[PDB]
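As structure tokens, the structure follows; a few thoughts come after it.
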Amino acid sequence: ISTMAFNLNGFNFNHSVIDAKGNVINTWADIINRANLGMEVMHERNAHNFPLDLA
Amino acid sequence: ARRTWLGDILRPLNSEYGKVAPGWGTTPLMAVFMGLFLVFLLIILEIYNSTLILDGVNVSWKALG
Amino acid sequence: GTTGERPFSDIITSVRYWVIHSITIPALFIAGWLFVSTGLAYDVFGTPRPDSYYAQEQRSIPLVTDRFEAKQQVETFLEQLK
Amino acid sequence: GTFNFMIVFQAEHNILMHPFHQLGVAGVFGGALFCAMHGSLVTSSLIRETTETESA
Amino acid sequence: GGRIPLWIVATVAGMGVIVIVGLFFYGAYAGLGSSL
Amino acid sequence: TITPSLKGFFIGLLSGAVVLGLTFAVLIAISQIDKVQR
Amino acid sequence: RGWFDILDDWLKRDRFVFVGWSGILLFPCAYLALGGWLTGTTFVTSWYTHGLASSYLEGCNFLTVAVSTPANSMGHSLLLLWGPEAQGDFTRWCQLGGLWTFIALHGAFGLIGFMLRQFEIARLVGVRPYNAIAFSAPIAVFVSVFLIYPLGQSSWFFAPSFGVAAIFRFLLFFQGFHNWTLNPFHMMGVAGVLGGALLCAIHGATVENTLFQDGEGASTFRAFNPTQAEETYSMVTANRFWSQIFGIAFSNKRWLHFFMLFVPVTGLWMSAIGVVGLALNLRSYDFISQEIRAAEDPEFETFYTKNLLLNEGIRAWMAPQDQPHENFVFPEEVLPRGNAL
Amino acid sequence: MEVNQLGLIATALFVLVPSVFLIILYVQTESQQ
Amino acid sequence: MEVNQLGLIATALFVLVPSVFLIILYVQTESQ
Amino acid sequence: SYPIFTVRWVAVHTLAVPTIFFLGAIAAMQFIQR
Amino acid sequence: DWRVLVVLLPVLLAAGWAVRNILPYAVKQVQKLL
Amino acid sequence: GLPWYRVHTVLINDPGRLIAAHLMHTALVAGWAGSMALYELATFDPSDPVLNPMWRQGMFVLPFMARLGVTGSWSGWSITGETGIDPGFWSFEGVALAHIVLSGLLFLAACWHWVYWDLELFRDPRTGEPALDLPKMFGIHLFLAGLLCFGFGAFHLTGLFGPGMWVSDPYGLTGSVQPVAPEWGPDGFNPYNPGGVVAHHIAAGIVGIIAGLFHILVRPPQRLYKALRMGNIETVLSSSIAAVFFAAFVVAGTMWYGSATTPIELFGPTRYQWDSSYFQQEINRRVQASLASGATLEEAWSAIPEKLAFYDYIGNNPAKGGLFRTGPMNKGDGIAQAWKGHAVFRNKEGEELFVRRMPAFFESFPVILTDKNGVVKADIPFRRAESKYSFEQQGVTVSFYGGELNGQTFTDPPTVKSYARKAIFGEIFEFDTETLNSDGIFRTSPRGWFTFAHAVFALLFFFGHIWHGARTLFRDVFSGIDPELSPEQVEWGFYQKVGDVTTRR
Amino acid sequence: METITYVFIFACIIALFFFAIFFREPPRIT
Amino acid sequence: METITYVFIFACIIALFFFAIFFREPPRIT
Amino acid sequence: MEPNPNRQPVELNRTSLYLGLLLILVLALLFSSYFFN
Ligand code: CLA
Ligand code: CLA
Ligand code: CLA
Ligand code: CLA
Ligand SMILES: C=Cc1c(C)c2cc3nc(c4c5[nH]c(cc6nc(cc1[nH]2)C(C)=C6CC)c(C)c5C(=O)[C@@H]4C(=O)OC)[C@@H](CCC(=O)OC/C=C(\C)CCC[C@H](C)CCC[C@H](C)CCCC(C)C)[C@@H]3C
Ligand SMILES: CCCCCCCCCCCCCCCC(=O)OC[C@H](COP(=O)(O)OC[C@@H](O)CO)OC(=O)CCCCCCCCCCCCCCC
Ligand SMILES: CC1=C(/C=C/C(C)=C/C=C/C(C)=C/C=C/C=C(C)/C=C/C=C(C)/C=C/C2=C(C)CCCC2(C)C)C(C)(C)CCC1
Ligand SMILES: CC1=C(/C=C/C(C)=C/C=C/C(C)=C/C=C/C=C(C)/C=C/C=C(C)/C=C/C2=C(C)CCCC2(C)C)C(C)(C)CCC1
Ligand SMILES: CCCCCCCCCCCCCCCCCC(=O)O
Ligand code: OEX
Ligand SMILES: [Cl-]
Ligand SMILES: [Cl-]
Ligand SMILES: [Fe+2]
């Protein structure tokens with residue numbers, strides 16, 4: 001918690017697997033990411049005016 | 001202890017406490033029926049599971065007509 | 001104290017031990033290696049190769065949607081790459 | 001409020017994919033394991049000092 | 001019996017692990033699973 | 001009549017019997033050779 | 001002096017790895033559960049059941065590999081190798097998710113095996129069977145979560161998949177769909193697991209800091225002998241410390257160690273119960289009185305309403321890719337989103 | 001708030017019955033001594 | 001019948017509290 | 001005089017043999033390219 | 001197919017090599033079993 | 001003193017007072033059944049078995065009396081909706097009454113057996129000590145069980161001397177109590193075949209008679225007597241608990257998946273019927289069949305019995321409830337009054353659109369309208385600003401066929417949206433929310449509540465099996481291990497065989 | 001009524017703390 | 001709920017009669 | 001007829017009273033919110 005305080009975050013394997021053409025091949029990490037997205041977009045739903053939640 | 005009419009009549013049915021047949025007795029026969037009962041439960045489970053499918057056995061509500 | 005098996009620290013500091021295992025350990029390593037480098041692992045287990053998750057102009061998952069035809073469904077999808 | 005903090009933490013930091021939270025889970029799972037183990041091993045080897053009508 | 005000394009067996013095994021796991025982290029950045 | 005899945009059932013059932021009997025044959029064998037001295 | 005007794009003689013010989021009668025069940029099943037997991041995570045895809053890569057062979061790492069659940073369309077099929085789905089074909093068996101049932105079911109009989117082994121060894125060595133009793137909590141968790149829960153749902157597909165990140169997805173699924181953090185059976189489980197770790201640390205720390213000086217070395221570990229009669233640390237001084245520090249202390253070594261069994265075992269049993277409820281979607285999802293107020297009063301807001309907005313986001317943003325058999329198509333305009341994000 | 005009216009009595013009995021059971025047993029333990 | 005909702009708790013406690021008092025007094029009488 | 005082939009011998013090799021083989025397969029994998 | 005013997009050859013050669021280095025003392029052990 | 005968790009161990013060597021306590025337990029349980037029934041009779045509304053059946057009213061024992069042939073009240077009503085019946089003495093009320101009289105009688109016997117605990121029947125004639133010959137007792141009780149099991153199947157279920165049991169058609173429309181002929185062939189293991197239930201009880205009834213007779217006459221082998229501690233009554237409690245949690249898992253399962261003994265008119269639909277659109281398929285099958293024969297849309301849907309339509313509604317899905325959402329289903333969505341009719345959505349180009357149905361996992365679900373091929377053509381947008389598919393833009397209308405709103409069409413967008421919001425639940429009903437002050441949130445059916453209880457009790461009883469089994473096999477060290485257990489018996493090597501002192505090296 | 005109930009229970013727990021600490025069975029040695 | 005309450009209290013009284021009569025303190029001559 | 005030999009005293013020490021009251025009060029505190037709902 002103390003080091004995620006300075007935004008050194010958990011491993012990101014979002015789109016780490018792609019196929020011979022370049023298609024993304026989802027893994028369980030990308031499914032985690034869909035859940036993380038739904039938390040992100042909803043939290044403090046009136047509080048963000050700009051596109052990145054930088055803190 | 002108190003004797004009662006009904007007690008005197010049932011007495012023989014609670015009078016062989018501790019009596020055993022020697023050695024292994026019927027254990028091999030018990031084992032056989034255990035084995036048959038397991039396969040029997042296997043079949044029943046797998047029919048319900050639709051892992052075992054049988055002619056004329058439609059495991060659905062539509063087996064009421 | 002002991003159940004009469006030969007102690008491990010006696011075995012792995014022993015010369016006979018390493019005489020056998022300097023062969024058996026690399027050979028196994030190379031066997032597993034060849035299992036993959038030959039492509040055999042792919043075919044045994046059915047794992048897609050990087051070029052065979054999708055067909056060229058496809059972006060649908062070839063998802064099994066039937067229980068008892070499921071084996072047939074997979075085979076259908078696999079033909080749609082050949 | 002606690003749960004709100006931990007859901008938002010996951011969205012902003014992916015804490016579950018962070019190895020220090022994984023060690024924390026191993027610290028807490030393992031602690032509960034070894035708590036039970038130790039309690040059960042000691043309880044298992046209590047020396048008979050009592051009758052079956054009294055708490056050991 | 002006790003010829004090959006234990007400290008040496010430990011060091012060589014040890015480096016053999018470091019090498020295998022090294023290769024596994026190298027492959028996180030190369031080839032399949034590298035995002036590239 | 002004997003459907004394909006009833007066939008697999010017996011296949012599954014014979015395989016289990018084999019694995020189980022094979023297992024116990026070996027265990028009885030070894031136990032007979034390597035007895036405890038009393 | 002017949003064959004059964006001779007085999008008994010041999011199964012119960014004192015050797016490096018004890019076997020026992022329970023070993024016949026345990027060791028095959030444990031080794032196969034464990035080999036199935038290692039095999040699947042190294043070589044087997046989840047492409048046809050989940051639309052997911054899930055093996056080292058496909059490019060996954062230790063955190064993202066998994067043996068994933070069968071497709072939803074399999075229902076609760078046992079998925080035997082010789083069954084009507086795979087029809088004896090090993091390759092298709094792997095591709096349909098047969099390794100999941102393989103691991104789950106061999107795993108369950110191995111867990112039985114293991115607890116029978118704790119019973120068997122306890123009886124031979126002459127001790128009371130409490131370690132076996134305690135292990136009932138791990139079994140309750142395993143069966144309720146990996147078996148009872150998907151059996152109340154539509155299919156094995158919604159069971160946990162055997163994998164690190166896959167289990168993380170299961171955590172988040174339960175938040176968004178079941179509001180499981182609100183469930184008091186989870187809360188009692190949390191208290192038992194966190195209470196266990198506390199008790200583990202505080203008991204170790206106490207013993208180590210009320211040691212009797214029994215040797216002359218700065219390393220105090222040497223000054224113990226497992227056959228000494230005497231207690232190796234002062235219960236009297238430990239009791240005084242905690243009484244003065246915390247108000248109350250243990251005074252009975254037996255109660256102490258029983259309570260260390262009791263606390264985490266009971267917590268795990270409680271969490272198993274709540275998962276049995278969730279098998280039926282019998283969730284502690286809402287507080288009715290809160291919803292009635294909030295529906296009528298748009299200035300009313302609690303951490304409880306804020307968390308359901310997050311749940312609603314989780315459901316809509318993850319369901320299409322997490323439940324592919326459902327063909328969810330959510331146009332952009334229907335996704336719940338706050339401002340800007 | 002529109003709460004389940006029976007929540008009160010459920011909670012009162014939930015507390016009272018098992019507590020009273022323990023108090024009864026404690027007091028008669030003390031009078032043995 | 002639109003009766004008083006607190007009537008139940010009032011009756012319930014009315015019985016319970018004094019009955020429990022008596023039962024406590026009685027059990028510790030017998031155990032000495 | 002110690003025996004060579006024991007129940008211990010089997011437990012050990014029952015795990016070590018596939019492990020080394022699996023480590024070999026996984027090392028090859030680091031050189032697969034898409 | 002052919003890939004199966006390629007994979008399997010190092011496994012046989014490995015076990016063949018161990019069989020020949022150990023055989024003398026494996027014989028002895030077996031004899032001691034009564 | 002005894003710890004509190006051990007007070008009932010004073011009965012272990014006291015067969016009479018053990019019988020007394022089993023009698024009191026049986027009294028309390030009989031007493032509960034009668035009390036519960038009388039409460040349900042006092043709360044049950046029998047006036048509409050179509051939209052307010054028992055299983056919407058939180059009825060729990062009413063379905064169990066009905067299942068075995070009790071269907072009428074002394075008040076003149078029956079659960080099938082027949083009126084002016086005369087059930088005889090074996091009405092719901094008379095069943096309740098009997099259980100209360102039984103409970104009274106069991107209470108008095110319990111007092112007699114408590115007082116006259118010291119009966120010579122319970123003493124062993126040789127030693128004079130209390131002793132129960134548990135192996136013979138098993139044979140006796142098993143022989144009894146088999147007689148009862150046989151008679152239940154041969155007379156009650158067949159209707160030979162009895163009412164039969166609840167049977168219905170596949171869609172739960174026409175249920176009633178009927179005699180059932182045994183199914184002796186392999187379909188008698190089909191859980192959905194009622195004849196199998198008959199055959200089971202006859203066949204297993206004979207096997208228990210034969211097995212009981214064996215267990216009366218044949219003594220247990222010495223090996224098994226010792227192994228299983230057959231002079232110890234706690235070994236019976238251990239095995240009995242195992243059989244009971246086995247039994248509880250089976251009845252939870254068949255309650256959840258459904259079988260011939262858990263019909264949907266007594267317990268409600270199953271979640272799988274929602275999962276597989278079971279009732280929707282039958283309804284569509286019927287409407288098509290009406291249309292092929294030249295009926296109009298209005299006529300094809302008006303022929304759909306309201307009872308079938310009400311099954312095709314998620315609020316009757318037992319997997320839509322919550323743990324602390326208490327009471328009957330009616331307390332939530334209300335008392336159903338009328339099918340409103342089948343809603344048909346179309347867009348401005350006249351294409352039929354289909355509301356995507358809510359799945360049971362989702363507390364909330366968006367409103368998405370698809371064409372026959374699954375292409376999104378309308379929704380209710382969240383963010384309005386870049387919406388493409390609003391009802392307002394696509395000109396979505398709703399038209400009703402059958403039911404209350406038959407022949408009515410609606411075009412104002414907020415009304416059209418209101419119906420599409422209900423259409424995700426399936427078929428649309430008018431509900432009375434005022435009478436019970438319904439809060440609008442889905443509750444589970446007695447099918448749900450029964451499964452939850454029995455699955456939970458089964459799991460808990462597993463620990464009970466483990467506990468009492470441990471206690472039976474380890475009775476000799478319950479109070480602690482031997483204070484003269486020497487370190488040679490736990491240290492490695494000394495004994496070739498673990499714990500066996502005859503194998504010292 | 002629910003606020004009163006919640007606070008009442010919490011208050012009983014605090015009173016119990018006081019008796020548990022200052023009116024405990026005193027631990028006595030040997 | 002009030003019907004149940006009235007009947008409950010009445011039922012408790014009938015049980016008390018039973019115990020009051022059949023489990024009285026036996027009167028004895030000292 | 002002899003009086004019953006199997007009767008035993010029961011005990012609850014003061015520490016068990018405290019522990020049990022704490023258990024009940026905390027359980028009430030946890031579940032009461034779900035009973036009011
Ligand atoms: C104690 C060891 C043990 C146990 C408990 C299990 C248990 C199981 N295994 Mg595993 N398995 C084991 C060892 C074990 N296995 C071993 C050693 C191997 C390697 C060979 C495997 C390989 C394996 C595979 C490959 C698969 C399983 C599967 C299964 C499941 C189905 C078993 C079944 O239906 O059997 C049916 C058979 C029996 C229950 C045996 C009953 C035999 C009775 C006693 C006698 C009946 C009479 C007999 C047939 C007479 C012969 C007649 C003949 C002359 C014609 C079950 C969870 C399947 C699975 O996991 O599905 C997902 C699966 O696909 N197992
Ligand atoms: C403060 C944080 C916290 C804490 C302490 C807990 C504590 C707990 N959670 Mg909760 N959880 C939390 C937050 C937390 N949770 C949050 C925020 C969420 C999101 C909603 C969840 C979601 C969640 C879910 C979804 C589930 C839990 C479960 C559990 C329990 C897990 C029991 C256990 O150890 O299972 C570990 C597994 C076992 C004990 C089973 C058997 C294990 C066998 C013995 C393995 C043997 C391994 C074998 C030797 C091979 C190993 C080799 C291999 C590793 C290589 C426990 C009560 C589970 C639960 O309630 O289950 C009943 C569950 O399903 N949690
Ligand atoms: C197997 C048991 C069983 C089942 C399945 C049912 C089922 C049902 N009953 Mg019935 N009932 C039963 C037993 C049962 N009943 C008994 C024994 C009684 C006498 C008390 C009644 C009295 C009764 C009445 C008076 C009413 C019902 C009603 C109902 C319906 C709604 C139930 C509801 O809201 O649940 C709500 C359930 C809960 C909120 C779950 C409680 C969870 C407990 C409190 C958790 C405890 C945890 C524990 C303390 C932790 C300790 C562990 C550890 C730390 C040591 C439903 C069909 C209602 C109805 O609709 O009837 C027409 C109704 O009004 N029942
Ligand atoms: C047929 C079922 C059955 C029977 C007859 C017994 C009988 C017994 N048990 Mg076992 N037991 C069972 C099931 C059973 N148990 C199950 C399912 C479990 C797991 C929960 C246990 C766990 C268990 C443990 C862990 C212990 C016993 C002990 C005992 C003995 C003393 C019990 C006592 O004095 O309680 C006295 C209990 C009380 C005064 C209060 C208990 C009230 C509880 C907390 C909650 C309320 C229960 C509720 C009112 C009604 C039941 C609801 C529902 C089941 C119908 C006694 C021989 C004890 C023993 O071995 O002594 C040597 C012991 O330590 N039992
Ligand atoms: C994740 C948490 C967790 C793990 C990993 C774990 C692990 C273990 N606990 C054991 C014991 C215990 N656990 C106990 C209390 C607890 N255990 C807990 C939590 C856990 N316990 C908790 C919280 C408690 C407190 C109540 C006790 C009291 C004991 C023991 O006595 C026992 C022990 O000896 O500890 C030293 C061991 C049993 C060995 C065994 O059965 O071998 C045989 C192996 C078998 C049968 C294989 C099972 C396979 C499983 C069920 C399915 C497949 C799993 C895959 C292979 C791996 C999946 C990995 C992905 C999901 C990421 C094992 C080390
Ligand atoms: C600076 C001051 C420090 C602040 C002091 C605060 C007091 C907190 C301590 C608890 C007092 C009550 C102990 C109860 C009962 C008590 O008196 O038991 C005392 C008991 C004494 O054990 P002995 O070993 O003496 O007993 C052995 C035999 O008597 C067995 O019968 O100790 C334990 O069992 C401790 C383990 C339970 C410890 C439980 C602590 C949990 C506290 C958390 C509760 C929080 C809920 C709050 C929600 C609102
Ligand atoms: C499934 C199946 C089966 C079985 C199989 C098996 C049983 C297998 C096994 C397998 C195996 C058995 C595997 C193994 C593997 C292993 C591995 C893969 C390992 C690895 C490891 C590692 C990597 C580690 C490392 C490290 C680190 C990282 C850090 C710490 C330290 C160390 C060094 C340890 C059969 C045939 C019956 C048939 C059916 C199917
Ligand atoms: C004496 C007599 C009589 C009378 C009788 C009576 C009047 C009866 C009553 C009885 C009754 C009327 C009974 C009832 C009872 C009930 C019960 C027994 C209940 C129980 C309960 C419980 C057990 C519960 C639990 C729970 C809860 C509370 C919560 C939730 C969960 C549970 C479920 C766990 C007559 C006239 C016949 C004649 C002569 C003799
Ligand atoms: C109780 C122990 C049970 C042991 C189970 C081991 C089963 C052994 C695996 C045998 C699998 C062979 C199936 C492949 C052939 C099936 C062909 C077919 O379906 O007709
Ligand atoms: O505040 Mn609480 O939460 Ca950390 O990011 Mn930015 O900010 Mn707010 O949003 Mn996401
Ligand atoms: Cl928020
Ligand atoms: Cl901003
Ligand atoms: Fe300790």
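We name chains A, B, ... following the order of the structure tokens; residues begin at 1 in each chain, and ligands are numbered from 1 as shown.
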Check which residues fall inside 9 Å of ligand 7 when counting only C-alpha atoms and all ligand atoms, and print them as a count of residues only.
38
Spatial neighbours of segment 23-28 of chain D, 7 Å, only C-alpha atoms, chain gap at least 3 places, as a PyMOL selection string
(chain D and resi 19-20+31-32) or (chain G and resi 193-194+197)
Select, as a VMD selection string, those residues of chain B with any atom no more than 12 Å from chain C (distances computed using only C-alpha atoms).
chain B and resid 50 to 53
Please dump the current selection as a JSON list (two decimals), in the first residue's frame; keep N, CA and C atoms.
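This is the output file result11.json:
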```json
[["chain", "number", "residue", "atom", "x", "y", "z"],
["B", 50, "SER", "N", -26.62, -36.95, -17.36],
["B", 50, "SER", "CA", -26.55, -37.15, -18.82],
["B", 50, "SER", "C", -25.14, -37.49, -19.32],
["B", 51, "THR", "N", -24.32, -38.08, -18.44],
["B", 51, "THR", "CA", -23.11, -38.79, -18.85],
["B", 51, "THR", "C", -23.41, -40.21, -19.34],
["B", 52, "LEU", "N", -24.48, -40.85, -18.81],
["B", 52, "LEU", "CA", -24.97, -42.14, -19.31],
["B", 52, "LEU", "C", -26.33, -41.91, -19.96],
["B", 53, "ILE", "N", -26.40, -42.07, -21.28],
["B", 53, "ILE", "CA", -27.63, -41.84, -22.04],
["B", 53, "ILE", "C", -28.22, -43.18, -22.46]]
```
If the limit is 9 Å from any atom of ligand 8, counting only C-alpha atoms and all ligand atoms, which residues qualify? Return them as a compact mmCIF listing (two decimals) with N, CA, C and O atoms, in the first residue's frame.
```txt
# COMPACT_ATOMS: atom_id res chain seq x y z
N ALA H 10 -36.53 -9.73 16.88
CA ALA H 10 -35.51 -10.68 16.49
C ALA H 10 -34.20 -10.38 17.22
O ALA H 10 -33.67 -11.25 17.92
N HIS L 25 -37.78 -35.07 21.62
CA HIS L 25 -37.43 -34.51 20.32
C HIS L 25 -38.54 -34.78 19.30
O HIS L 25 -38.97 -33.87 18.58
N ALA L 27 -41.74 -35.47 19.87
CA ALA L 27 -42.85 -34.57 20.21
C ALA L 27 -42.65 -33.16 19.66
O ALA L 27 -43.60 -32.56 19.13
N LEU L 28 -41.45 -32.57 19.85
CA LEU L 28 -41.25 -31.18 19.45
C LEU L 28 -41.39 -31.04 17.94
O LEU L 28 -41.90 -30.04 17.42
N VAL L 29 -40.93 -32.06 17.23
CA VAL L 29 -40.93 -32.01 15.79
C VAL L 29 -42.33 -32.19 15.26
O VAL L 29 -42.73 -31.52 14.30
N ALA L 30 -43.07 -33.16 15.82
CA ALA L 30 -44.48 -33.32 15.47
C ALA L 30 -45.23 -32.04 15.78
O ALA L 30 -46.00 -31.56 14.95
N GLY L 31 -44.95 -31.47 16.96
CA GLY L 31 -45.60 -30.24 17.37
C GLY L 31 -45.32 -29.10 16.42
O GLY L 31 -46.21 -28.32 16.10
N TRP L 32 -44.07 -29.00 15.95
CA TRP L 32 -43.75 -27.98 14.96
C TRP L 32 -44.58 -28.15 13.69
O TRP L 32 -45.14 -27.19 13.16
N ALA L 33 -44.59 -29.35 13.12
CA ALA L 33 -45.36 -29.59 11.89
C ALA L 33 -46.81 -29.13 12.01
O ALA L 33 -47.38 -28.54 11.08
N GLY L 34 -47.47 -29.47 13.12
CA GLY L 34 -48.85 -29.05 13.28
C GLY L 34 -48.98 -27.54 13.43
O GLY L 34 -49.91 -26.93 12.88
N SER L 35 -48.06 -26.91 14.18
CA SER L 35 -48.09 -25.45 14.38
C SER L 35 -47.88 -24.72 13.08
O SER L 35 -48.55 -23.73 12.82
N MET L 36 -46.93 -25.21 12.26
CA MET L 36 -46.57 -24.56 11.01
C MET L 36 -47.73 -24.61 10.03
O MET L 36 -47.98 -23.64 9.28
N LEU L 97 -54.07 -31.26 13.10
CA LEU L 97 -54.61 -31.70 14.38
C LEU L 97 -53.94 -32.98 14.85
O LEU L 97 -53.57 -33.10 16.02
N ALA L 98 -53.84 -33.98 13.96
CA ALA L 98 -53.18 -35.24 14.28
C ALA L 98 -51.74 -35.03 14.77
O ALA L 98 -51.27 -35.72 15.68
N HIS L 99 -51.00 -34.15 14.14
CA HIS L 99 -49.62 -33.98 14.56
C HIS L 99 -49.56 -33.36 15.94
O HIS L 99 -48.70 -33.72 16.75
N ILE L 100 -50.48 -32.46 16.24
CA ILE L 100 -50.52 -31.90 17.58
C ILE L 100 -50.94 -32.94 18.62
O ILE L 100 -50.39 -32.99 19.73
N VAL L 101 -51.89 -33.82 18.29
CA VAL L 101 -52.25 -34.85 19.27
C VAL L 101 -51.11 -35.84 19.44
O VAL L 101 -50.81 -36.29 20.54
N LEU L 102 -50.46 -36.22 18.34
CA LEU L 102 -49.30 -37.08 18.46
C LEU L 102 -48.25 -36.47 19.38
O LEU L 102 -47.73 -37.15 20.27
N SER L 103 -47.98 -35.17 19.21
CA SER L 103 -46.98 -34.48 20.03
C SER L 103 -47.35 -34.54 21.51
O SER L 103 -46.50 -34.77 22.37
N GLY L 104 -48.63 -34.34 21.82
CA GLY L 104 -49.05 -34.46 23.18
C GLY L 104 -48.78 -35.84 23.73
O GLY L 104 -48.20 -36.00 24.81
N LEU L 105 -49.18 -36.86 22.96
CA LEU L 105 -48.99 -38.23 23.41
C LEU L 105 -47.52 -38.56 23.59
O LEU L 105 -47.16 -39.23 24.57
N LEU L 106 -46.65 -38.05 22.71
CA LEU L 106 -45.22 -38.33 22.84
C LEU L 106 -44.64 -37.64 24.06
O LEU L 106 -43.68 -38.15 24.65
N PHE L 107 -45.16 -36.47 24.42
CA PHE L 107 -44.69 -35.77 25.60
C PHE L 107 -44.95 -36.60 26.85
O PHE L 107 -44.08 -36.73 27.72
N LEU L 108 -46.12 -37.23 26.92
CA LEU L 108 -46.47 -37.98 28.12
C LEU L 108 -45.63 -39.24 28.23
O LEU L 108 -45.14 -39.57 29.31
N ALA L 453 -31.46 -24.24 3.01
CA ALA L 453 -31.42 -24.87 4.34
C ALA L 453 -30.78 -26.24 4.31
O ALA L 453 -30.01 -26.57 5.20
N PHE N 8 -49.88 -18.57 22.98
CA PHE N 8 -48.61 -18.89 23.62
C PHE N 8 -48.64 -18.77 25.14
O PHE N 8 -48.16 -19.65 25.87
N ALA N 11 -50.85 -21.36 26.63
CA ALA N 11 -50.16 -22.66 26.60
C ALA N 11 -49.07 -22.76 27.66
O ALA N 11 -48.96 -23.79 28.33
N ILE N 14 -50.65 -23.69 30.98
CA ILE N 14 -51.10 -25.08 31.11
C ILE N 14 -49.92 -25.99 31.42
O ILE N 14 -50.03 -26.95 32.19
N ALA N 15 -48.76 -25.71 30.81
CA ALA N 15 -47.55 -26.46 31.11
C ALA N 15 -47.13 -26.27 32.56
O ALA N 15 -46.67 -27.22 33.21
```
Just list the residues in chain E DSSP gives alpha helix (DSSP H) on the backbone, as a count of residues only.
24
Give as a PyMOL selection string the residues surrounding ligand 11 up to a distance of 8 Å, considering only C-alpha atoms and all ligand atoms.
(chain A and resi 42-45) or (chain D and resi 4-5+8) or (chain G and resi 303+306-307+309-310)
Close residues to ligand 6 using only C-alpha atoms and all ligand atoms, limit 9 Å, as a PyMOL selection string
(chain D and resi 55) or (chain G and resi 239+244-256+259) or (chain M and resi 9-11+13-14+16-21+24-27) or (chain O and resi 12-23+25-26+29-30)
Within 12 Å of ligand 9, which residues show up when you count only C-alpha atoms and all ligand atoms? List them as a ChimeraX atom specification, please.
/B:35,38-39,42,51-52 /F:3-24 /G:24-26,28-29,32,79-93,102,105-106,109-110
Name the residues in contact with segment 32-39 of chain C at a cut-off of 12 Å, using only C-alpha atoms, excluding same-chain residues fewer than 6 positions from it; report them as a count of residues only.
41
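Near ligand 10, at distances of 8 Å or less and with only C-alpha atoms and all ligand atoms counted, sit the residues residues 40, 43, 44, 47, 48, 53, 54 and 55 of chain A; 8, 9 and 12 of chain D.
The neighbours of residue 2 of chain A here are the residues that come within 12 Å of it, using only C-alpha atoms and leaving out any residue fewer than 2 positions away in the same chain; they are residues 4, 5, 6, 7, 8 and 9 of chain A; 13, 15, 20 and 21 of chain D.
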If you count only C-alpha atoms and all ligand atoms, which residues end up within 8 Å of ligand 13, as a PyMOL selection string?
(chain D and resi 38-39+42) or (chain G and resi 203-204+207+253+257)
Any residue with an atom at most 6 Å from ligand 3 counts, using only C-alpha atoms and all ligand atoms. Which are they? Put them as a ChimeraX atom specification.
/L:40,57-60,323-324,326-328,446,449-450,453
Which value, in Å to one decimal, gives the distance between atom CA of residue 131 of chain L and atom CA of residue 7 of chain L?
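Going from atom CA of residue 131 of chain L over to atom CA of residue 7 of chain L covers 20.9 Å.
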